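Shown next, in structure tokens, is the structure this report addresses.
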Amino acid sequence: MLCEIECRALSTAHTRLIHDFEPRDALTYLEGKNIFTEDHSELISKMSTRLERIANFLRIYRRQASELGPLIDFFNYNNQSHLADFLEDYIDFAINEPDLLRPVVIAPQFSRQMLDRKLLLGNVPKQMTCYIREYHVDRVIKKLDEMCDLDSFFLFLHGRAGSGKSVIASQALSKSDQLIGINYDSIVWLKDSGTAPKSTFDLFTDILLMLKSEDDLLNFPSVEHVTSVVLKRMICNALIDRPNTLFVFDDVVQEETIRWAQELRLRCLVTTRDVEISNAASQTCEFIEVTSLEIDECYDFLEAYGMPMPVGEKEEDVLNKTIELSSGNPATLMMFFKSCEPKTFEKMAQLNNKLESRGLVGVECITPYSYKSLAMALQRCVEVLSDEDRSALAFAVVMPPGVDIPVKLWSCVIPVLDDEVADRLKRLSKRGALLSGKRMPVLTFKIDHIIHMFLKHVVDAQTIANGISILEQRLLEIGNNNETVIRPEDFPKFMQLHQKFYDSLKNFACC
Amino acid sequence: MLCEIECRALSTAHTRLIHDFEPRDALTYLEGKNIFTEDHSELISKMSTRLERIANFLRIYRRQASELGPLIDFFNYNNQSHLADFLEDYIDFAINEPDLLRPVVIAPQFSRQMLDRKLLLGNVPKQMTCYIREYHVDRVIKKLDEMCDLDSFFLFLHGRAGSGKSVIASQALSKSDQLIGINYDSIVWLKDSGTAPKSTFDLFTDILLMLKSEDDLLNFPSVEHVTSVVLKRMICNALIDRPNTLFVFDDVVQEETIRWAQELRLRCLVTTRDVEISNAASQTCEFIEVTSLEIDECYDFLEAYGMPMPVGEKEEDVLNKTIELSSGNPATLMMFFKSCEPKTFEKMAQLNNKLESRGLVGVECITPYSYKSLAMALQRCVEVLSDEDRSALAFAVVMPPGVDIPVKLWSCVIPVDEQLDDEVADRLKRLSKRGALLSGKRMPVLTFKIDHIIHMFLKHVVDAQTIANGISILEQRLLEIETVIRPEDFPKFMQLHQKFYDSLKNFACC
Amino acid sequence: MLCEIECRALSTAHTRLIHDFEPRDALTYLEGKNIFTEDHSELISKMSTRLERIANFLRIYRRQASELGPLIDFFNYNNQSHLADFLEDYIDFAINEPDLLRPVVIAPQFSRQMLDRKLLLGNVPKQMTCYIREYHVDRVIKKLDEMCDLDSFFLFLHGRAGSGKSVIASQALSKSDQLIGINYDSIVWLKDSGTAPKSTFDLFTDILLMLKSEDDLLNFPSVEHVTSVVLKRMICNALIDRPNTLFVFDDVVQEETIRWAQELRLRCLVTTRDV
Amino acid sequence: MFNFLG
Amino acid sequence: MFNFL
Ligand SMILES: Nc1ncnc2c1ncn2[C@@H]1O[C@H](COP(=O)(O)OP(=O)(O)OP(=O)(O)O)[C@@H](O)[C@H]1O
Ligand SMILES: Nc1ncnc2c1ncn2[C@@H]1O[C@H](COP(=O)(O)OP(=O)(O)OP(=O)(O)O)[C@@H](O)[C@H]1O
Ligand SMILES: Nc1ncnc2c1ncn2[C@@H]1O[C@H](COP(=O)(O)OP(=O)(O)OP(=O)(O)O)[C@@H](O)[C@H]1O
Ligand SMILES: [Mg+2]
Ligand SMILES: [Mg+2]
Ligand SMILES: [Mg+2]
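Residue numbers (the deposited numbering), protein chains in the order written: chain B, 1 to 416, 426 to 491, 521 to 549; chain A, 1 to 417, 424 to 487, 521 to 549; chain B', 1 to 275; chain E, 749 to 754; chain F, 749 to 753. A prime marks a further copy of an entry chain.
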């Protein structure tokens, strides 16, 4: 048999192999050097058209010979040397050159191949354009490049809800030209979002079909009822036709997805909110955390979508209010613009008010987000939660937001040496990025504002006042024992420092 | 695989690939260069008609070949060089000199009868003729030309109901000869009007089938039941045989449409009434707003369908009365002519009467509009509305129509669950954005305005009580301590608009 | 490719192309003037019967050549000049004459074609005979004639009930010989009478079937359940095989009919009572 | 409130 | 607590 180069030669030189050639001239010469057989030669010798003798000569020849020699040593003698010169030149440009073309470009306008055809067919969403988070999309593309050699791997692009992960994935597979074509052959992008137990199988059913040819989508059976071992075997079956295939698993909630992904030895980008699902995988698990949009990236984000930059001091202050409230969050920021109507700083501050005295419902809008409001998103994140963590979280309302505060100061409100509070608050930041850990000076946590104002108009109006009282109580009991700076332990006794917001919270729970 | 361009070449040269060609000639020549398989070649060598072997050859080819080479290197050898010259000409006027492609290698085969074929098969509705709103249809065609280059884009021809958008689109895809053939190869025009959640899937069921060949319309499966991911994949599949295809989505209501249109990287014209559905799409979005017919265009429209032009002063007045009443609205104007029976200005003023004391129902008629009267349309426009917006709207009855009035003057009648009433403005804005029910006007002072049709809708439609309640609930705040807005020295007496208030007090007492 | 005239020549002269001819004599001459290929010529050269070489020569020839030249410049030299004279004479009676025959009569007894076959198959009712309302049937035929060029149009033959409209339509498509054959290719006459809302779709289902070939009336599916956009697309689909087709919509009551008629860009005569 | 929504 | 979560 030949190989890719020698078949590239027999295929490339066909425009040529039609104008001047005839297999009969070679049939005897090939029945001779022992690379044909008199039935092979029979098959090629009694053929009506020359295109017949040629197509059978090029098909039939490739099985018997160990190489493409006795066809160069033939066009020479037959005065058809203009062919054998091309082929000897080519064999020289491959035997004699250990460098050719690699997977790169020689048929340009990959603008419609990779950009148009494969992304669209692999269901990759239409990348965002008016703003790109440089750092992250870049680190994604890089860290994906480092791994295309590997047979299977997980990349966890994890963050808060609406933190912007999927969009970054949209851009990382739509920006470069390397990831699809050079580093990976095909793309399959599937939204998971599975909560039910039948979802993790249905997903991989639509994987199995993401694989299947344009042909035999018609033949689709009532495949809904067939074992898991068979769907899996059927994929890794249908996975032969798919050399280096990248898998985006947009929105994973269940670690069962990840277990299937890991049984099927797949290469996965994974957008998710809960980070701990990776413990399901024993493997090169690699991570990229989608942090909150810095105040400045938020500025950039504002400018990018035609938003006027401040002048007076209490306007830049108004906008640091907005960036602070929506604690660096892509989705609610976008909803915010979409809802900023006149565009004025005035109606912008209007919204800044609307957000504290009406919660997230004050800025809910039609947005590129699947969700009317981020509360609709966090909803699920709170449903998935361990019942006890659902509790701890439910109480973390009564803290001060955008303030770093000690564990003992937390042992007071969180249910159950009370480090267990810390364990819950860790799980709580790991699983939807609901909290915020900060190791030293002292093991302290912090609740952001969006993740707070979620809980405000959402936790039981009573449980608020109860947490306020249970805190002022144990604060008093610690009473009894007797900026870039943490609150000292000589001074926990007066939470009155955060009285302003404690007074607001109070007016809420009791009215 | 090819792409949209090489397939646009294979599609443009199809009248020719049908007039002179045969796939058997190429099966042998192509099994060699590796672009087929022995079932591929099996499927194409035994087919009764040639049009079969051709449709299978061009389908299979668009999927199978790494490029559009081994089909130029064939029409040549087969003495069908008159083909390979056309395709190499197109591809050269594509890679090297772009742009030059539409004027040079694309235009010399236009035919005002091929168009009609593509429009009809693409379910484009028959364009209107006795009057064309020049400006708008022109700008639609322009802005579509600017984007035919783009891989995916939204054009929003948005306006009030009956404002004439779909018709303008009918004319915009029917006026030029460039848009279909030169700028886009095919058209798929589908009426939406979807309100249910199943509507957004059924629509794209009929896209998926609008694409499909007359052959394999037979093979349609029980596709009624099949996932969204699969209808979608089946589409971006079946979308290969459709190079530069324009999609008209006549009457979109659900932003779910727009999300599918944008996940499917489609090229869309969209007629709609609610504009905010565009916030659903993160993409090239461009807008063309169908305003109310200016006072002069209405004259043009009247002239356009045989209407006698005034003489007496109280006849131009009869018609400015109609234009004010039917606050510039194509549809109700058409219903108006259709209902003007004897044609006299007299019976026209008769209708002008009929409209205030019997509402739109005085002129409701069989019209080119799918609707007997504009109330059936605003119906829908009012159901989709935020519950609170349904309320605000329900109250904007008790105003003066065709008058520019302040926010506080609105804060009095409009509901809200303190001292800054901008929330009223936010509502009145959603309200103008979403069916074009109000009318925002930033300066001299932040003011909105309710038109007359958009008022007399509410007249014979809101609860007879809620009217009188709004009038009294207004008369409370009414005291505290011309082309000119009502000053803040004079809001305490809305009595300036006594006329248009005496008509509601008389109304709600019957 | 040729066209209707040159294919009318290759088809008309077949009684002739059988008594004296052979494609092999021309194969080299066509492999030569660059209008054939050695597989094309292979296909025509190894053929058992002469009727084979002839049927493949006349099929195969029409795709490659821009015209019917290198076949006149061949029967001359080959002593088969009695053929090329007929074809050159014909090419003279078409290149040299801008007038031929138009859609008219040269195979008479249209009395069984248009009168018998198409009217009956298009379900046109058996015209009344013992009295004809001259003026009206006449104005119908005239005003129908003025419009056969047009792509789509409505003619409303409206009156009272029993006022005689349908009968006038029966006569207007059964009197003249122009309307069916000269001005319009085929006729489809369907009684509407729809009052229910399912009627306006069922109607166009039987249109869709008025179109369908004698073949594949057997294959009729449970088409009753399939969207309107699809029945419509399916008609304007099946409407390719129907150049200038006249539609009689006998007895319209619902304007929904008329809306469908107007979406499908049909040419309609309409008998109705409500104007 | 809204005579059958309109 | 958690008004329908
Ligand atoms: N340039 C941008 N980068 C990130 N987000 C953006 C940008 N522009 C707009 N957004 C808005 O931020 C929202 C959140 O982004 P994204 O859809 O990636 O969320 P996500 O990370 O997928 O969250 P989840 O996984 O919970 O769905 C988007 O829906 C979009 O509306
Ligand atoms: N340019 C025009 N020429 C003649 N008649 C018109 C024109 N525009 C509108 N009309 C009349 O007004 C009616 C409303 O127009 P059209 O159907 O385009 O409304 P639309 O903008 O699609 O509103 P909707 O979105 O509610 O359907 C038409 O059916 C027609 O009767
Ligand atoms: N020469 C004639 N012209 C018109 N009507 C005739 C003639 N001879 C008999 N009639 C009688 O007049 C009746 C009415 O004619 P026709 O069937 O055209 O009614 P129509 O216009 O179709 O009414 P509708 O649309 O309500 O059915 C016929 O059924 C027939 O019995
Ligand atoms: Mg997502
Ligand atoms: Mg519309
Ligand atoms: Mg009748």
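All C-beta atoms in this analysis are idealised placements derived from N, C-alpha and C, irrespective of residue type, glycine included.
Taking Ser166(B') as the centre and dropping the five residues before and after it, the same chain places the C-beta of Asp250 and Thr271 closer than 6 Å to its C-beta, in chain order. The alpha carbon of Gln254(B) has as its nearest neighbour, out of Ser81(B), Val430(B) and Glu383(B), the alpha carbon of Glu383(B).
Interface residue (Cβ-Cβ distance to chain E less than 7 Å): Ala547(A) is not classified as such.
Of the heavy atoms belonging to ligand 2, none sits nearer than 6 Å to the Cβ of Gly162(B). Around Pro450(B), the same chain offers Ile524 as residues with beta carbons nearer than 7 Å, after the five sequence neighbours per side are excluded.
The Cβ of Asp216(B) sits no closer than 7 Å to any Cβ of chain A. Nearest neighbour of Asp206(B) by Cα position, chosen from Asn183(B), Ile235(B) and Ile182(B), turns out to be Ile235(B). At least one beta carbon of chain A lies nearer than 7 Å to the beta carbon of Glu255(B').
Note that the C-beta distance between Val137(A) and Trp189(A) is not below 7 Å. For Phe249(B), the enclosing beta strand (DSSP E) covers residues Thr245 to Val252. Taking 7 Å as the threshold, the shortest C-beta distance from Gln80(B') to chain A does not fall below it. Closer than 7 Å at the C-beta level to chain B, one finds these residues of the segment 35-46 of chain B': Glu38, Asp39, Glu42 and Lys46.
Across the structure, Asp469(A) and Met399(A) are spaced so that their CA atoms are roughly 15 Å apart. If you draw a straight line from the Cα of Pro310(B) to the Cα of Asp296(B), it is about 13 Å long.
The beta carbon of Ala169(B) sits no closer than 7 Å to any beta carbon of chain A. Look at the segment 107-175 of chain B and you find these whole runs of alpha helix (DSSP H), each 4 residues long or longer: 134-145 and 165-172. The C-beta separation of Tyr131(B) from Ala304(B) comes to about 4 Å, placing the pair in contact by the 8 Å criterion.
A distance criterion of 6 Å places the beta-carbon of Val167(A) in contact range of ligand 2, judged by its closest non-hydrogen atom.
Runs of the alpha helix (DSSP H) lying entirely within the segment 229-301 of chain A and spanning at least 4 residues, in chain order: 255-263. When only Cα atoms are considered, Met128(B) and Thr15(A) end up about 39 Å apart. For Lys33(A), the residues of chain B that pass the 7 Å Cβ criterion are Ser11 and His14, in the order they occur in the chain. Counting the other Cβ atoms within 10 Å of the Cβ of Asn352(B) gives 16 or more, which makes it buried.
The C-beta of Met1(B') comes closer than 7 Å to at least one C-beta of chain A. Interface flag for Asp177(A) against chain B' is unset, since no Cβ pair is found closer than 7 Å. Annotated three-state conformation of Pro401(A) is coil, per DSSP. Here the distance from the Cβ of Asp251(A) to the nearest heavy atom of ligand 5 is below 6 Å. The Cβ atoms of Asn78(A) and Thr28(B') lie no closer than 7 Å to each other.
With a threshold of 7 Å between beta carbons, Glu341(B) makes contact with chain A. Under the three-state reduction of DSSP, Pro406(A) is assigned to strand. Distances between the C-beta of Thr291(A) and the heavy atoms of ligand 5 are all 6 Å or more.
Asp389(B) is classed as buried because its beta carbon has at least 16 other beta carbons within 10 Å across all chains shown. Proximity of the beta carbon of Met1(A) to ligand 3 is not indicated: no heavy atom of the ligand is located closer than 6 Å. Within the segment 76-105 of chain B', the alpha helix (DSSP H) runs of at least 4 residues that lie entirely inside it are, in chain order, 81-95. Under the Cβ distance rule, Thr49(B) counts among the residues neighbouring chain B', one pair being separated by less than 7 Å. Within the same chain, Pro23, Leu27, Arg53, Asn56, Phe57 and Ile60 come within 7 Å of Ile44(B) by CB-CB distance, once the 5 residues on both sides are set aside.
Residue burial annotation: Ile182(A) is buried, with at least 16 other C-beta atoms found within 10 angstroms of its C-beta.
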